[PDB]
Amino acid sequence: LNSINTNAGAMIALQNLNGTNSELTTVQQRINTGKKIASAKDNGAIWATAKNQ
Amino acid sequence: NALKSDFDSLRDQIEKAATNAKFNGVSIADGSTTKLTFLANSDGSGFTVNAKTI
């Protein structure tokens, strides 16, 4: 296909770029807090355990 | 009598120090359980640590 109306490769590049953006957001939250479990959204079990302890 | 009172105070302090040694609601030295098992591999194998009551 040599269509003018759509191009799936740009879509796949957007998905990969958004996944890299999400992983950067995770690393950025973990660097600005200094903890890998800094909130219940990260992982609730160890989070609540450390909070009560 | 004074030496006996010192002995009893030391013994009560050991009992408190033994009872208070817990983390995350469990203890390996208070005698509440025989052993604790932590994950050792991805298949579910454990790393047993026998309790040693003090």
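Backbone-built Cβ (ideal geometry, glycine too); neighbour counts: all protein chains shown. Read-outs throughout are calculated quantities, based only on the coordinates presented, and are distinct from any laboratory measurement.
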Problem set entry | For the protein assembly as shown, alpha-carbon Rg over 2.2 N^0.38 Å | 2.08
Exercise. Computed over the Cα atoms of chain B, what is the ratio Rg over Rh, Rh following Kirkwood?
Worked result: 1.25
For this session: Once you've got the Cα coordinates, tell me which of A:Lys36/B:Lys52; B:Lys4/B:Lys35; A:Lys51/B:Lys35; A:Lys51/B:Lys22 are over 27 Å apart.
Result: A:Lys36/B:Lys52; B:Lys4/B:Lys35
Exercise. What is the Cα centroid distance between the stretch B:15-39 and the stretch A:20-53, reported in whole angstrom?
Worked result: 28
For this session: Take the Cβ-Cβ distance between A:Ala50 and B:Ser5 as r, set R0 to 41 Å, and report the resulting FRET efficiency rounded to the nearest 0.05.
Result: 0.50
Problem set entry | Fully extended contour minus Cα-Cα distance, from A:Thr20 to A:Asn43, at 0.36 nm per residue | 6.2 nm
Exercise. Going 7 Å from the Cα of B:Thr19 in the Cα-to-Cβ direction, what parts of the stretch B:26-44 have a backbone nitrogen less than 18 Å from that spot?
Worked result: B:26-33
Seminar exercise, completed: Charge tally for neighbours of A:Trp47 with beta carbon under 12 Å away, counting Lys, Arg as +1 and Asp, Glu as -1, is +3
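A:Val27: net charge of surrounding residues, Cβ under 13 Å, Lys/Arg +1, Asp/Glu -1, itself excluded?
Details: positive: A:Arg30, A:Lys35, A:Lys36; negative: A:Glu23, A:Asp42.
Its environment carries a net charge of +1.
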Seminar exercise, completed: Neighbour-count ranking for A:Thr6, A:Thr33 (other C-beta within 10 angstrom, fewest to most) reads A:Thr6, A:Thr33
